[PDB]
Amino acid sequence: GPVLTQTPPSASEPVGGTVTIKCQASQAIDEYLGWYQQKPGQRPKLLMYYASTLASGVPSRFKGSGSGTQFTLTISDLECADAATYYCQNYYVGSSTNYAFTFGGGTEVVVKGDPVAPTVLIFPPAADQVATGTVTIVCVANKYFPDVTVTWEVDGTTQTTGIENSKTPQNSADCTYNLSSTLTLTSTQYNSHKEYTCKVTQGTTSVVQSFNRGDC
């Protein structure tokens, strides 16, 4: 059936704030339109159906509107717990030849808390990983906002390969992230260098953690 286009693709608003997101149908669908919340790693939750009717248990600070082709979801008094992706969906059966159940593409909502710099941990590879011929150095950035960038240095040289980053969902209480960054090297590479450095940057702020292989 109809194609649903959601905008913006991502929104960021402060705690306590109000965000309005949009769903547009390629053809008229009356009010046969539902809204869902999906937090990372969780199942979808119905928020709203028939465009504006609140699902059971959902607070009135969620407000849906629209008919025909243009729909909105407004969330007020934003909480860190509201950080999620939000989907609209056409839900309708007229007949065997006239039905629709398609979703919009989703809108990611980031909720902004106060800025806080991370504390940073670094973990040298254990002896038994070194034995495998490949090592992984792990850097963890705890409890931070907003987003960070990670740089790795080995004896002062910036690494350009072998890096993988993984970010947790926003904390439901304080909106902060955690991040693991790993640098993978051969055991030969690892044993040929001394200083290993993880640098975690937020704009004009950086937090740097290092170790010296000889000392471990």
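Note that residue numbering follows the sequence shown and begins at 1.
Which is higher in the entry, the mean Cα B factor of 176-184 or that of 36-44? Per the PDB record, 36-44.
Could you settle it for me: does 127-135 or 113-121 have the higher average Cα B factor in the PDB entry? So the stretch with the higher mean C-alpha B-factor is 127-135.
In terms of CA temperature factor as recorded, identify the highest of 72, 95, 85, 89. If I rank 72, 95, 85, 89 by C-alpha B-factor, first place goes to 95.
So where's residue 206 on the chain's Cα temperature factor ranking, which third? Its C-alpha B-factor belongs to the lowest third of this chain's values.
If you rank every modelled residue in this chain by C-alpha B factor, which third holds residue 60: lowest, middle or highest? Its C-alpha B-factor belongs to the highest third of this chain's values.
If you rank the chain by CA B-factor, which third does residue 200 end up in: lowest, middle or highest? Residue 200: CA B-factor falls in the lowest third of its chain.
How does the C-alpha B factor of residue 141 compare with the rest of the chain: lowest, middle or highest third? Its C-alpha B-factor, which the entry lists for residue 141, ranks in the lowest third among residues of this chain.
Sort the modelled residues of this chain by their C-alpha B factor and say whether residue 160 lands in the lowest, middle or highest third. Tercile = highest for this residue's CA B-factor.
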